[PDB]
Amino acid sequence: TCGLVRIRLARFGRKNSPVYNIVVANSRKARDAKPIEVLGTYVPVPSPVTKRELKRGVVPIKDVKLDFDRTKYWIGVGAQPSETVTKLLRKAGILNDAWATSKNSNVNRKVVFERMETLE
Amino acid sequence: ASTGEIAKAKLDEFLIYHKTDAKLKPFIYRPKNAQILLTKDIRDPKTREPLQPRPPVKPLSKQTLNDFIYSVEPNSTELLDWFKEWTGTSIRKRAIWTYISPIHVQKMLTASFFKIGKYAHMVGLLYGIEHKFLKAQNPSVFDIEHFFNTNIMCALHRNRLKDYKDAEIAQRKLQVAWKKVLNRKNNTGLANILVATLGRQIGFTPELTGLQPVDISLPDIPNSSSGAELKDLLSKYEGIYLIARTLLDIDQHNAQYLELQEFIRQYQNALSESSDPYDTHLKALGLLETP
Amino acid sequence: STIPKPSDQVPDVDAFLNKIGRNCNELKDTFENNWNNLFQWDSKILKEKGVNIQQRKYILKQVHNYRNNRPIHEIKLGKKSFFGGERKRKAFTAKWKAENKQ
Amino acid sequence: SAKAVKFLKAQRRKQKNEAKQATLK
RNA sequence: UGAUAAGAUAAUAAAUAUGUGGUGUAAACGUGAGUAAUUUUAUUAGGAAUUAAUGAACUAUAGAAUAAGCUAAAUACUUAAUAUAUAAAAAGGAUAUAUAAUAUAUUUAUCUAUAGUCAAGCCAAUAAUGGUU
RNA sequence: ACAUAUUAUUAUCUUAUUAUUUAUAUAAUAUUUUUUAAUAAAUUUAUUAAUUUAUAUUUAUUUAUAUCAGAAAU
Ligand SMILES: [K+]
Ligand SMILES: [K+]
Ligand SMILES: [K+]
Ligand SMILES: [Mg+2]
Ligand SMILES: [Mg+2]
Ligand SMILES: [Mg+2]
Ligand SMILES: [Mg+2]
Ligand SMILES: [Mg+2]
Ligand SMILES: [Mg+2]
Ligand SMILES: [Mg+2]
Ligand SMILES: [Mg+2]
Ligand SMILES: [Mg+2]
Ligand SMILES: [Mg+2]
Ligand SMILES: [Mg+2]
């Protein structure tokens, strides 16, 4: 990632139980220093599904909280997301396939579920 | 001591001057700065003693390289080593890349074949380095009166001395030679005669594009007998004397042309008192063949 | 994933272990020139077979490259300058210019 | 000295003001 | 190519970071010596001088990228040319294709301008330990 | 009393370095400038080394001021 303003994960939580803040930060500041803004949170550990749920067809869910509007503003002013944040934003539908790379380009992989925007 | 040794020192001083760094040139060659040089104590490359003042260098005479060329031993790499060092200079040093004249290449090719006996490796250094001459804004050196004619002349002697008779190798080599000419200005017209003689000798019909027919225009040295003016004039026209004598001796068809014999009469009688250039060369080719 | 097919440059596992380099030719006996073993064994199996941390990760990276038609040529690990690392270069150079050129 | 000439210039200025205070008072 | 093999040229595949270059180390990390405040901290819906032809490095848009010298050579450095009172610049490389070194195309860099983003300088008001032996 | 250590100060002494400011050079380099040899090419021109000329940029020495520090005094 390049630039002075980057969107990246700052690590919180405890040893062996990482949680992350999605933050807009100056490139030169420490990973866990108070950033410019905290856009959201990322919990990397998927929620465990029960034996019955698994056969029932439930897929484990990773939970991300994100300010969609504020994130778009920072992309608009040229903030540069990290690779992991890029994957999150492409899955959220904020970023598109123009931000994909040659190593992760899923040009030929079947879609089992299409991105669905709902209200809850 | 010898003319060759003295010439080489002059030629090596000229190169060292022009290869010296521009910032350091005023302090190593202007004698008024000898004490400024000492104080600075610049260390000679190769971790040698600090550099010492040198005598100022003045423009070198083109005759200096002609003396060195004809001093090289009968079987030596000295001419081939000097040329490789001289033409390895940067193309930004104009003095080095403009000293070489069409006469020098003719005298480097005629000496190599008849005296030094390393013609093949002298025609490869010239063919290999022709591109650098073009980048160094000195293409004239590769002309038809000094480069092409001399080459075809040495071919008309090697093809005989060695008996080469292939009609494919000859044509391919002749085509390359013409392709290596950058200043195509046929004046004497001897080139067409030389090319035709090669074809008869090796049984092929020459055909080169741009070698338009030119009538003979041999320069006639006057009957007036001067000193250094006629010694230079003869040496000036020495190359075309080696080409006229060669043309007649190799093939008797060239005897038809009477212009060739007039020049022989004029050039030979001009200083018949001295030795013969053509004969002197022929002897050495035999003295080199025997080895 | 799936088993790629042997090529002409990389006919067998031994050729694969020689092209990647990094002293990976010393594992030719672990794989036994079995093409499928190279493309089925994951890190857990390689760790049980005595492959050290650095080599097994390197092999798995080159196995993924081969599976995706990407070059597997050896890329060398970085090395410090001849005159030493930046933090010790001034001292080293000073002691190397007083013992070589004086 | 330059520092001894600056000191005296300032000393005279301070003494003129101390006198000025007495003339004003 | 070189009439005998020393070299040159091009293509291909490797090597070199003990040669010249570029970028990176004003950060982060550690510590609490100094520092009682013309300087440091904290606070305010504070302020002007009414803060640079500063972009540091990304975003959007537009344009440009010229000639010599110096070094072995260059995206090194130097001097010039032309570009918002006007001032002030630059750089090529890789890969293809067509030509006879040049041109396009792709890709990655260089410079300038405008705005944004990030980020700077300065000032005020209020508060910040003990001793007047 | 005092012998010590530490720090600060200066109308004092010495002072690295640097900044600024003086004067000087038959100082160096580039260009200009006046001539002069040597050399080279061509049949005047170029180059190099000198001299004259101003200009810019440096260098050496030098004048003055400030300055790390040390000395002395307090
Ligand atoms: K610590
Ligand atoms: K402290
Ligand atoms: K380009
Ligand atoms: Mg990058
Ligand atoms: Mg290097
Ligand atoms: Mg710091
Ligand atoms: Mg250019
Ligand atoms: Mg250039
Ligand atoms: Mg540059
Ligand atoms: Mg400039
Ligand atoms: Mg301008
Ligand atoms: Mg008391
Ligand atoms: Mg002083
Ligand atoms: Mg002091």
Side-chain angles (χ1 to χ4, degrees), chain A residues 1-6 24-33 36-37 73-80, chain B residues 10 14 17-19 21-27 29-33 35-37 39-40 55-64 77 80-81 83-84 87-95 98-99 101 113 118-132 134-135 154-155 158-159 161-164 166 169-170 172-173 175-177 179-180, chain C residues 73-74 76 78-84 86-87 89 92-93 96-97 100, chain D residues 1-11:
Chain A
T1 176
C2 61
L4 297 174
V5 181
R6 295 175 192 181
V24 177
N26 296 273
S27 54
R28 297 272 50 83
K29 293 225 69 173
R31 179 194 73 190
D32 302 339
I36 299 151
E37 289 197 1
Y73 162 79
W74 285 113
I75 301 300
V77 295
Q80 295 279 5
Chain B
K10 298 166 55 180
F14 198 66
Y17 177 63
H18 286 300
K19 288 198 176 177
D21 173 63
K23 308 176 181 180
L24 296 174
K25 279 193 195 189
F27 302 110
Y29 288 90
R30 297 175 178 179
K32 82 185 180 296
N33 283 7
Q35 307 312 298
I36 296 164
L37 178 71
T39 55
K40 292 176 171 185
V57 182
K58 304 179 181 302
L60 189 72
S61 175
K62 294 203 170 175
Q63 179 59 54
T64 307
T77 54
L80 289 156
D81 294 0
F83 195 66
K84 187 183 168 183
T87 65
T89 308
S90 165
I91 63 92
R92 299 155 45 252
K93 319 310 310 206
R94 312 308 299 117
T98 61
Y99 177 65
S101 65
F113 179 70
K118 317 197 69 55
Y119 188 64
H121 289 180
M122 182 56 61
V123 178
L125 281 185
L126 280 170
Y127 284 17
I129 207 60
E130 178 175 333
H131 73 275
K132 212 171 177 181
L134 178 63
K135 304 170 188 179
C154 299
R158 181 170 61 180
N159 284 352
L161 172 57
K162 309 311 173 185
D163 293 344
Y164 301 129
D166 196 305
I169 300 169
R172 296 154 51 186
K173 289 185 175 294
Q175 293 298 336
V176 171
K179 181 176 179 180
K180 292 287 183 178
Chain C
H73 70 290
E74 180 184 18
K76 297 175 190 175
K79 61 179 187 172
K80 304 278 187 184
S81 165
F82 177 84
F83 296 109
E86 288 171 323
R87 287 186 179 97
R89 194 169 299 170
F92 178 100
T93 301
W96 174 95
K97 288 176 174 168
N100 291 47
Chain D
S1 176
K3 302 190 187 173
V5 169
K6 283 188 66 169
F7 166 92
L8 292 171
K9 185 184 177 182
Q11 194 180 29

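Per chain, numbering begins at 1; letters A, B, ... match sequence-line order. Atom set for the values below is all heavy atoms of this structure, side chains included, hydrogens, waters and symmetry mates excluded.
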Completion exercise
What one should report as the nearest heavy-atom pair of B:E130 and B:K180 is OE2-O, 2.7 Å
Whether [X] contacts [N] is assessed here as follows: a side-chain N or O lying under 4.0 Å from the phosphate OP1 or OP2. Is that the case?
| X | N | result |
| --- | --- | --- |
| A:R28 | E:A57 | no |
| B:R30 | F:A30 | yes |
| B:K19 | E:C70 | no |
| B:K32 | F:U29 | yes |
| B:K173 | E:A3 | yes |
| B:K118 | E:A6 | no |
| B:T89 | E:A72 | no |
| A:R6 | E:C58 | no |
| B:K93 | E:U71 | yes |
| B:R92 | E:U71 | yes |
| D:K6 | F:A11 | no |
| D:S1 | F:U12 | yes |

Problem - Whether B:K132 side chain and B:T89 backbone form a donor-acceptor pair below 3.5 Å - result: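 Yes; at least one donor-acceptor contact below 3.5 Å.
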Handout entry: Where the chi angle of E:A52 falls, syn if within 90° of 0 and anti if not
Key = syn
Handout entry: Nearest to side-chain heavy atoms of B:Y127, which nucleotide of E:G19, F:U29, E:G2
Key = E:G2
Exercise for the section: Check every atom of E:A3, E:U59, F:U48 against the side chain of A:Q80 and return the nucleotide holding the closest atom. Expected result: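 Of E:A3, E:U59, F:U48, E:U59 is nearest to the side chain of A:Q80.
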Problem - Distance-only donor-acceptor test (3.5 Å): side chain B:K58, base F:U39 - result: no
